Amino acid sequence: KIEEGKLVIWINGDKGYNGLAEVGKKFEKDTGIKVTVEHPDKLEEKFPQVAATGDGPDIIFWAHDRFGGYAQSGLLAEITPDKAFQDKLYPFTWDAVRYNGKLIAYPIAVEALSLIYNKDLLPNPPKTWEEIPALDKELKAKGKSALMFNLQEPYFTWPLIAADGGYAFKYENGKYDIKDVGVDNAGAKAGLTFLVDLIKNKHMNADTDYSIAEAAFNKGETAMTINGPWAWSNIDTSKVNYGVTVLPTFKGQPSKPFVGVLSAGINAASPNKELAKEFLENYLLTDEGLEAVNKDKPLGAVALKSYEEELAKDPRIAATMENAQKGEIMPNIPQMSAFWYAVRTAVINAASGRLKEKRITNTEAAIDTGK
């Protein structure tokens, strides 16, 4: 049961949940309506489990990719912003939360992964993945490492996997072919092999997760990490002298991070849909609401035109958009959970040296005269 006369909001533990609570406290002061913000573990799997039986939060925050599956399961109210409000957000962000012709969430901000580097350890960041092994050797002599990032979530490895030809679903003339998954082609496998080669040569560790990689970068132990805008505030606190830049190329080609649009859906079972609307349109999606969240954990490039223009001069945001442009927007189709399962299992299996993903490489006889 979802309680009438208040709002419960769920958002991931890596985002600005304290900032969101401040927006909630402003809502309460104006309207008398209490706003509870929670950040439960494995939210993206907990939400569909509790919402299916009419439980869970009034409002769910996640990247847009999961929303088509939620909508297909009947978990989301249709949202009905008027034209005046629609004009306040960028068309590209609205289309990210459109599913089979209908708006199914409010878009909040555009996210992509970037390379984050410690300027005192690394005054010029590497342009290529290929130079990282040597760079790590140089740093290991000083009791440091080149690179740590989260290897438990396939989101973080995706940019490397996609670089030489990995894709989610084939997309042509506005239509996905869900039978044509690009997680096991030559390009994808080259990315996975490179990843395995880093692990096997002890430049990275298969067990490294979000918190381990954050702690290492933010304590000055490792020169680089890969993360999204949300991570910048913990780095500010640590006072490491960092830059945010374009991801390294692989086989000459840009890394292709998936682009997510942080989105806010309204639970179909909420008796507080009107309060949810009023909170999202008139409190969160304002200059002052987004400032409060962004000052907790940065959102990236916000959907709200007025505030996105204010922040756009931030070179960390400029780097985020450069990387986003090189990558692709996540599909929101219900088969996205199946894509992520496929990649998650492939990445975990490869890193851990399981028999399924184990291959002998350097078997190809190439013509190589130059160059």
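Start at 1 and count along the sequence shown; that's the residue number.
Peer 1: Should the higher mean CA B-factor in the entry be assigned to 272 to 280 or to 136 to 144?
Peer 2: Per the PDB entry, the higher value belongs to 136 to 144.
Peer 1: Out of 30 to 38 and 58 to 66, which one has CA B-factors that are higher on average in the deposited record?
Peer 2: It is 30 to 38.
Peer 1: At the C-alpha atoms, which of 228, 248, 174, 107 reaches the highest B-factor in this entry?
Peer 2: That would be 174, according to the entry.
Peer 1: Say you rank 300, 265, 191, 252 by Cα B-factor from the PDB entry; which sits at the top?
Peer 2: Largest recorded C-alpha B-factor: 252.
Peer 1: Among all modelled residues of this chain, ranked by Cα B factor, put residue 83 in the bottom, middle or top third, i.e. lowest, middle or highest.
Peer 2: Highest third - that is where residue 83 ends up once the chain's C-alpha B-factors are sorted.
Peer 1: Among the modelled residues of this chain, does the Cα B factor of residue 326 put it in the lowest, middle or highest third?
Peer 2: For residue 326, whose C-alpha B-factor we compare with every modelled residue in the chain, the answer is the middle third.
Peer 1: Per the entry's values, where does residue 123 land by CA temperature factor relative to the rest of its chain, in the lowest, middle or highest third?
Peer 2: It falls in the top third of the chain.
Peer 1: Divide the modelled residues of the chain into thirds by Cα B-factor and specify which third, lowest, middle or highest, holds residue 53.
Peer 2: As the PDB entry reports it, the C-alpha B-factor of residue 53 lands in the highest third of its chain.
Peer 1: Using only modelled residues of the chain, where does the Cα B factor of residue 238 rank: lowest third, middle third or highest third?
Peer 2: CA B-factor rank for residue 238: highest third.
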